[PDB]
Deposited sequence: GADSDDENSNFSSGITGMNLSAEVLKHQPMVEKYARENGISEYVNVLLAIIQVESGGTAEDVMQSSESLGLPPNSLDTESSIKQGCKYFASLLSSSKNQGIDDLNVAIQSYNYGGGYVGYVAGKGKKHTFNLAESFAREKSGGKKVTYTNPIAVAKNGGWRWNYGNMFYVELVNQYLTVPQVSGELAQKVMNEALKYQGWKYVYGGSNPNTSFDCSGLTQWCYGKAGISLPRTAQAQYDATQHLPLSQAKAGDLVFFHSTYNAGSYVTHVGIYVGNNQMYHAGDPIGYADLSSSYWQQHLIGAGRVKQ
């Protein structure tokens, strides 16, 4: 059963892309963000829970050192895999939780990760000791338990977060170039940075849709619909966010699953389920195509 990454995790994406690039694993940014989600939900200082991989006490690293170490550690597990003749990504993902010894274990037993191999490795390392594990995946599989070592369901947990139209894709491919950028009032291009309506105008403009300059003018130019009927690529509008002369004071890009991408300070994803965003929500608007 597939799931969506939280805004708390997604805020770490520019930093994750930086260190993934430095370790030659830019194609695995999605896996690295799924690991953060599973490990800390993006709210712990050590976001990747990579302190133990550096032989340090739990939660010793700061956020930057955590992403640096997590990326470096995951890159070493992929290298260890390649060197032992393993092509399977799931071996590197399970070894993030189990340690590099799971690579060697799998290399001599078929070169592929299987739930049965993950289960046998944990059974050996635990000394045949069980512990309660009430995650619905474990409940449905064996009643709700695991062998007392690492997490034998780790691959499946990470792959829950690794499961939109053409307009949404073009708008977001442009918008994500400015993730973590400082909000600039009156900004409508990459040379000045952007404000909320400046970001939507530029990115939709790159997708071939001509939008007016203001959040209010953008609201007036769209077909309105409630957020419950909205899709990724629709705009989401807000009232009274600051002292302004118009009804609409803020605009964002709806990205589905009750979340948006906006400017935003820094520019990025926001969870719409917070009390604040619910109290300012007008609804959504569909652009003319």
In deposited-sequence numbering, the unmodelled segments run 1-15, 179-182
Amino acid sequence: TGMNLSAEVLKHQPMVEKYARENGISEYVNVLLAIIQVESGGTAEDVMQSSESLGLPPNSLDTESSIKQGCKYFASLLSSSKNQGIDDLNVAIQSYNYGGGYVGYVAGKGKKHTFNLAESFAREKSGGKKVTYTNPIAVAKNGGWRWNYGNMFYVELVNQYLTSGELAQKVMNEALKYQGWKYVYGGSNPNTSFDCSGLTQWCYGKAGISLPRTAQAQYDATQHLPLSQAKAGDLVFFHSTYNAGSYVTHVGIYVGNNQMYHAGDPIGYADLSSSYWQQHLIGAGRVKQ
From here on, numbers count along this sequence of modelled residues.
With respect to the recorded C-alpha B factors, which stretch has the higher mean value, 129-137 or 187-195? 187-195
Higher-B stretch (mean Cα B-factor, as the entry records it), 93-101 or 199-207: 199-207
Take the CA temperature factors straight from the PDB entry and tell me which of 41, 58, 70, 264 peaks. 58
Return the residue from 169, 151, 114, 120 that has the highest Cα B-factor in the entry. 169
What third of its chain's C-alpha B-factors does residue 12 belong to: lowest, middle or highest? middle
Split the chain's modelled residues into thirds by Cα B-factor; residue 76 lands in the middle
Within this chain's modelled residues, let me know which third the CA B factor of residue 182 belongs to: lowest, middle or highest. highest
What third of its chain's C-alpha B-factors does residue 284 belong to: lowest, middle or highest? middle
Consider only the C-alpha atoms of the modelled residues in this chain, order them by B-factor as the entry records it, and name the third containing residue 231: lowest, middle or highest. highest
